[PDB]
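Report on one structure; see the data block that follows.
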Amino acid sequence: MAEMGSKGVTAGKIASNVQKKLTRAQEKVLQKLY
């Protein structure tokens, strides 16, 4: 009932890692698109 154990932080850590790469690119596009 408590979601504090965290058994997927690492399984998604990898994703948060790839998503961080999207931000750097997101900053570039944000300047050309808008």
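Residues in the structure tokens are named by chain (A, B, ... in the order shown) and by number from 1 within that chain; ligands are numbered from 1 in the order shown.
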Residues flagged alpha helix (DSSP H) by DSSP in chain A, as a ChimeraX atom specification: /A:9-33
Computed interatomic separation between CA of residue 21 (chain A) and CA of residue 6 (chain A) (Å):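 Between these atoms lies a distance of 23.9 Å.
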